[PDB]
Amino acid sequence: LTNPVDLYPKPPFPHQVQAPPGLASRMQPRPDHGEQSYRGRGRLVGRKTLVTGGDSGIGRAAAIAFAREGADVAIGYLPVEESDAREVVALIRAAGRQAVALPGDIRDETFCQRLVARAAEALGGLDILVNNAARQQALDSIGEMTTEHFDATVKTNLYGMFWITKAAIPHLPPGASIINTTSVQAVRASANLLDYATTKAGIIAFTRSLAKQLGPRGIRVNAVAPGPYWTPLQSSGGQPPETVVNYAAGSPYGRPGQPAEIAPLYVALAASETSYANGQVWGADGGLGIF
């Protein structure tokens, strides 16, 4: 037994702006993605996985967990994040599994198609897809939101997911899983996250509808809804700098989550024994009590 409250760092944190998408290695403190704590138990042996945004944050924690549970792992990421991605590749390989690094921008439809084709070719198949990449850039007013800002968030968080998922489904055998990362913002819908929250609510409806389409074919589609986590998405403008300094201070634990803490949700949803979880949204928000 461990008290979860003081298991991880609490605010205040140092001032630390990065340009998006940021690097985990440059945060203060660096996030804990489970590098030391996550121990596998053979729960996903021989599975074949693609995790978008697997270089850092929640995607990285999921990639590490999958590899240690016996799964081979391809990760997508943006080229600017190469130094974070190389760490994850090294962690996958140290677990004795195959790692594939597939950099590119999922706003580009033809890249989405190439990404899935090359992941499946490299792995000799595909049977866990995690749509986790996201753009998040806070703005206090719609007056400041250009079409370029709105479009970048929607193209990353909705179109990219649509294109990748559509390309993936012909590869996925019965027994496979799709997992989409959404956010408590889907319904908390902060004033400063107008476009982001719009997409995160959309992801949940997409998940539920696609689960009804694919469930009869033996493919399960689910979503994970984090509350506030210590990731480069936040310190590179997902929240303003002063919010980052005091991130989640007012929450029940008085601290943000660390990515390590949410990896178990992804493993549980993908595992073959969790066979009646389909169309679900599983939250991990530290007591906000949203999903």
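The first residue of the shown sequence is 1; numbering continues from there.
Of the two segments, 196-204 and 83-91, the one listed with the higher mean B-factor is 83-91 (C-alpha atoms only). As the entry records it, the average C-alpha temperature factor is higher for 7-15, out of 7-15 and 273-281. Of the candidates 118, 155, 135, 188, the deposited coordinates give 118 the top C-alpha B factor. The PDB entry gives the largest Cα B-factor of the residues 49, 222, 258, 234 to 234. Residue-level temperature factors show residue 267 in the lowest third of its chain, judged at the C-alpha atom. Per the deposited record, the Cα B-factor of residue 122 falls in the highest third when ranked against the other modelled residues of its chain. When the modelled residues of the chain are ordered by C-alpha B-factor, residue 1 sits in the highest third. Sorting the modelled residues of the chain by their CA temperature factor places residue 33 in the lowest third.
When the modelled residues of the chain are ordered by their C-alpha B factor, residue 53 lands in the middle third.
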